[PDB]
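Same chain, two versions here, written out as structure tokens and called structure 1 and structure 2.
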Structure 1
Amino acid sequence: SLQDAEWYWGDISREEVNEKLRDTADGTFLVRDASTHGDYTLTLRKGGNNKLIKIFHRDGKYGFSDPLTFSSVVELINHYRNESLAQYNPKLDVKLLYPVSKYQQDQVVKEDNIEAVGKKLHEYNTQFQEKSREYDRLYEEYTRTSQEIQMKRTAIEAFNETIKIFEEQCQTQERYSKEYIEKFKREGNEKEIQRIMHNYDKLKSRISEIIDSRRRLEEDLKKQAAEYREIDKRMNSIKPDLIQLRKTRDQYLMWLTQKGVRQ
């Protein structure tokens, strides 16, 4: 027929086609009006790309090349739905096999009266904003958590390097100590051996304290590392639901404008 076939989508934009053809198998096709009348543009999927094949028009005949043979766009689409495009241009060796039908546009409509559609559109629009606020909120905790984890990790890097310094201090003190505690052992200077020992205890204590500060920070890191993974999960669960929720909202809106008076 005329403007009744399913692959004719009238005045859809290239973006509407790219989404209708995104991640589609080679051969998926559809036709729309000229972006720049009544000129037409067949859109075909080939090698993960969206190829635009203009449908020229001269004195009641349609075709891709100069010898416009076909007398109707329906006759052109149906022919190449069974014949390969390579006969026209060898570079495109595929056929119109997967038609994008208006079935998807009329899908999800559900209701038939403007009020029901509008009342239902208002329900979906409410749930969408409520899941967007929920998502945007969850995203900030996601970003905040990710940053504070990077900080804690760098801090633990600092704790290690610091502990290495204080441990170097110990082995340093052990080397000089013997050469002098043995000299006091014979020089009867017992109280000077106690002063050296006391400073060593002061140093071992700090090391034992600094290690516990790293232990508590490492414990906090485990707590935050998991809290990040739970946030990531909740986000990878809200993203797929939020998407189609937005699409369903847009469709109800598309249904409302078409059924309503247009300019």
Structure 2
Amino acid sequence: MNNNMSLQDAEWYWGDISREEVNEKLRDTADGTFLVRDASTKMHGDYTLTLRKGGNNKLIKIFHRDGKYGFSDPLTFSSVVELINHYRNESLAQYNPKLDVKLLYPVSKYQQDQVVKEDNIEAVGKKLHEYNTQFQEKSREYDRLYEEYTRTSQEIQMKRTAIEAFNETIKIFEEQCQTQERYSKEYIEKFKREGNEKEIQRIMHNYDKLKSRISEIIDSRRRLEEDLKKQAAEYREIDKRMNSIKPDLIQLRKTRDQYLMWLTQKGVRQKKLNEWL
């Protein structure tokens, strides 16, 4: 049954797709995941088997000579389907003992048939229009949240440095209390016995003014502390909203791409695809 099927009908056979398309189907997939594509025309070989191993994509060339296929001399397989089905049951250690695994999970080109079983072209196209509109909408919703996010992050930066600049100011104005304390200790002493209260009247006036000025500054950074706590909170909230859109975005993109694939594998005009999108 299996060995007699055409390579053309093989689920793991994708034909003329590029190495970059292969990468996007193999990203974050378990070891044993595989697919076959045509080899690049400027090279020896006919097909490239690609499989997951230790988190990497391994490329193995399939060569042909006189009706036989294989990875190296000698070529012993009668067809590519025969070759692949052999290594779905046997470990690749038989070929190379360093890459010890089996071809376990095929990337089927009848993948989208599971998600979309809708047989009508126009029904699939119209659902492509619905999934695309949803995706574009959420993309722009996420985009605005990112603008908000970055702006919020930048304004928090300004406030944090302003807090440190307030603290520095308070230090200077507090050291100014130290200097006035160390300077007046003997100058109030001289006129405590001389009874000159008129001078004390304007020295204490200056000192009270200094204390009065500190209050405002401490209060101003106290107000900035509250603003910052409020804006940091906004930041975390924007971040929460973004983390909810992300999963929905990937799913909406994945569904659109698979619905685009179904119409492509049915060969719908490149112009009618753009009227839906």
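All residue numbers here follow the sequence of structure 1, with the first residue given the number 1. We call the rigid core the largest set of C-alpha positions that still match within 1.5 Å between the two forms.
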Pick out the one residue among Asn113, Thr143, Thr154, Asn89 whose C-alpha shifts by 2 Å or more between structure 1 and structure 2, once the rigid core is superposed.
-> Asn89
Quick one: core overlaid, is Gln129 moving 2 Å or more at the Cα between structure 1 and structure 2?
-> no
Taking the rigid core as reference, does the Cα of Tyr176 move 2 Å or more between structure 1 and structure 2?
-> no
Core aligned, does the CA of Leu242 move at least 2 Å between structure 1 and structure 2?
-> no
Upon rigid core superposition, what is the positional shift of the Cα of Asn50 between structure 1 and structure 2, expressed in Å to one decimal?
-> 0.4
Between-form comparison on the rigid core puts the Cα shift of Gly10 between structure 1 and structure 2, in Å, at 2.3
